[PDB]
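What follows is a set of notes on a single structure, which appears directly below.
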Amino acid sequence: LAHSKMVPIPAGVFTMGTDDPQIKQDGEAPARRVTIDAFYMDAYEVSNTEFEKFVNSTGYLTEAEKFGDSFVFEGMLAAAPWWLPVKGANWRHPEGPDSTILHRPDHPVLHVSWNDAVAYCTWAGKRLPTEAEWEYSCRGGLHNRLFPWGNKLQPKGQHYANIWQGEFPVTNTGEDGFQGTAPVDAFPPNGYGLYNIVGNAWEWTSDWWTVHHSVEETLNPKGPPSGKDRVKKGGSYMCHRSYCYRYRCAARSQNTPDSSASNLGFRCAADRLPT
Ligand SMILES: *[C@@H]1O[C@H](CO)[C@@H](O[C@@H]2O[C@H](CO)[C@@H](O)[C@H](O)[C@H]2NC(C)=O)[C@H](O)[C@H]1NC(C)=O
Ligand SMILES: [Ca+2]
Ligand SMILES: [Ca+2]
């Protein structure tokens, strides 16, 4: 269990975005050439256990605990009728008060806000990645592919990510081996050595959200200087093509920095290795 290990992501130039946006409302277009300096990125989503080390040390009280509620998928018991705001739903109690994390220590932490994530990473001698670092990393050395691994969803007939199978929201067949979340080290790594960069839990980035992008070539871009929503990436175990096709590197979405929910977590990046 090296669930806080990092990988060196190589310096390089890449196509961020796409001239074939499958969800236009989200600012997937235009494709634009971005240059990214070499850095490090968590190989894994931050796990319940890793977060607990953080909380052991600092006594950090997450925002869901402070507000007293968080968003849980009805399916496992508001932005959709299936998102319910549940009292005493937080990272220790992912589906509300009578749920627990004891049987799932290696699964990614949930019900953490952008602030929670930042407190963790900075605690950890790290920081959140920018969207561009995230997306570049997601792509995993490949150019203009849908997914970290290519354009087939199940290559060689194999599940490569934790998402929805079946009729959403009513039936999740769990064909891919998991109905909710999966251990942070489940499924194959992309070419850069990252696990579950699409699927499992959504992932916070450091950028404010905008849908307005130039084709101006940029270098280590931080997104806009302001916003009201922060950028999240890579879909979750609830994604399906039929209604939410965001288990692609190009896809993107947003939340206010103080939101939290049962399919949303994070991982850290860093310019240089921490201790
Ligand atoms: C966070 O702190 C708690 C409490 O100090 C740790 O749990 C204890 O660990 C010791 C040593 O393994 C055991 O003898 C006890 O059985 C535990 N006590 C309790 C209160 O359950 C816990 O391991 C820490 N969590 C993490 C992720 O490091
Ligand atoms: Ca699944
Ligand atoms: Ca993920």
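For the structure tokens, the naming scheme is as follows: chains receive sequential letters (A, B, ...) according to their order of presentation, residues are indexed from 1 within each chain, and ligands are indexed from 1 in presentation order.
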- Item | Env. residues ligand 1 / 8 Å / only C-alpha atoms and all ligand atoms / as a list in words | residues 48, 49, 50, 51, 52, 53, 54, 55 and 56 of chain A
Prev. selection, C-alpha atoms, output as an mmCIF file, in the first residue's frame:
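Saved result, out13.cif, follows:
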```
data_model
loop_
_atom_site.group_PDB
_atom_site.id
_atom_site.type_symbol
_atom_site.label_atom_id
_atom_site.label_comp_id
_atom_site.auth_asym_id
_atom_site.auth_seq_id
_atom_site.Cartn_x
_atom_site.Cartn_y
_atom_site.Cartn_z
ATOM 1 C CA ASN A 48 -9.774 6.979 2.927
ATOM 2 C CA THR A 49 -6.627 5.816 4.819
ATOM 3 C CA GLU A 50 -4.341 8.500 3.520
ATOM 4 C CA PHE A 51 -6.982 11.169 4.365
ATOM 5 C CA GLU A 52 -7.233 9.694 7.899
ATOM 6 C CA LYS A 53 -3.461 10.266 8.390
ATOM 7 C CA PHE A 54 -4.110 13.896 7.446
ATOM 8 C CA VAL A 55 -6.966 14.157 9.980
ATOM 9 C CA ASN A 56 -5.014 12.296 12.621
#
```
- Task: Let me have all residues with an atom within 9 Å of ligand 2, counting only C-alpha atoms and all ligand atoms, laid out as a PyMOL selection string.
- Result: chain A and resi 161-165+172-182+199-200+236-239
- Note on the structure: The residue from A:241, A:232, A:272, A:145 with the smallest atom-to-atom distance to ligand 3, counting only C-alpha atoms and all ligand atoms, is A:232
- Collect all residues with atoms no farther than 12 Å from ligand 3, counting only C-alpha atoms and all ligand atoms, and output them as an NGL selection string. :A and (42-47 or 107-110 or 134-135 or 138 or 148 or 160-163 or 181-187 or 189 or 194-205 or 232-239 or 246-249 or 263-267)
Residues just named, written with C-alpha atoms as a CSV table (one decimal), in the first residue's frame:
```csv
chain,number,residue,atom,x,y,z
A,42,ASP,CA,-0.2,11.0,-7.4
A,43,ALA,CA,-0.4,7.7,-9.0
A,44,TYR,CA,-3.6,7.2,-7.0
A,45,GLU,CA,-6.8,8.9,-5.9
A,46,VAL,CA,-6.4,9.9,-2.3
A,47,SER,CA,-7.7,7.0,-0.2
A,107,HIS,CA,-11.1,3.3,-1.7
A,108,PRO,CA,-10.8,7.0,-2.6
A,109,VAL,CA,-12.0,9.5,0.0
A,110,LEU,CA,-15.3,11.1,-0.6
A,134,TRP,CA,-4.6,16.9,-14.9
A,135,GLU,CA,-5.7,16.5,-18.5
A,138,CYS,CA,-5.0,11.7,-17.9
A,148,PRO,CA,-6.4,7.4,-21.1
A,160,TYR,CA,-10.2,-0.2,-17.8
A,161,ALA,CA,-12.2,2.1,-15.6
A,162,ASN,CA,-14.9,2.1,-12.8
A,163,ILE,CA,-18.1,3.6,-14.3
A,181,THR,CA,-16.2,2.9,-5.6
A,182,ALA,CA,-13.2,0.8,-6.1
A,183,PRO,CA,-9.8,0.7,-4.4
A,184,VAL,CA,-7.6,3.5,-5.6
A,185,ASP,CA,-5.2,0.9,-7.2
A,186,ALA,CA,-7.8,-1.0,-9.0
A,187,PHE,CA,-7.7,-1.2,-12.8
A,189,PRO,CA,-2.5,2.2,-15.1
A,194,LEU,CA,-1.8,6.7,-13.0
A,195,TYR,CA,-4.7,4.6,-11.7
A,196,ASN,CA,-8.4,5.6,-12.1
A,197,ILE,CA,-7.7,9.0,-13.5
A,198,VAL,CA,-11.1,8.5,-15.3
A,199,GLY,CA,-13.9,6.8,-13.4
A,200,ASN,CA,-14.1,5.9,-9.7
A,201,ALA,CA,-14.3,9.3,-8.0
A,202,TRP,CA,-14.4,12.7,-9.7
A,203,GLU,CA,-11.2,14.7,-9.2
A,204,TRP,CA,-10.8,18.4,-8.1
A,205,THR,CA,-8.4,20.7,-9.9
A,232,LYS,CA,-13.5,18.9,-11.6
A,233,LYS,CA,-12.4,16.2,-14.0
A,234,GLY,CA,-12.6,12.6,-15.2
A,235,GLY,CA,-15.9,11.2,-14.2
A,236,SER,CA,-16.9,8.9,-11.4
A,237,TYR,CA,-18.4,5.4,-11.0
A,238,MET,CA,-21.8,6.8,-11.9
A,239,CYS,CA,-20.9,8.0,-15.4
A,246,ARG,CA,-17.4,12.5,-18.9
A,247,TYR,CA,-15.0,9.5,-18.4
A,248,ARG,CA,-12.9,11.2,-21.1
A,249,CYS,CA,-9.7,13.2,-20.5
A,263,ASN,CA,-18.6,10.5,-6.2
A,264,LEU,CA,-16.1,13.3,-5.8
A,265,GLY,CA,-12.6,13.2,-4.5
A,266,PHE,CA,-9.1,14.3,-5.5
A,267,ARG,CA,-5.4,13.6,-6.0
```
- Message: Taking 4 positions as the minimum chain separation for residues in the same chain, which residues sit within 12 Å of residue 150 in chain A when counting only C-alpha atoms? Answer as a ChimeraX atom specification.
- Response: /A:138-146,154-156,160,190-191,248-249
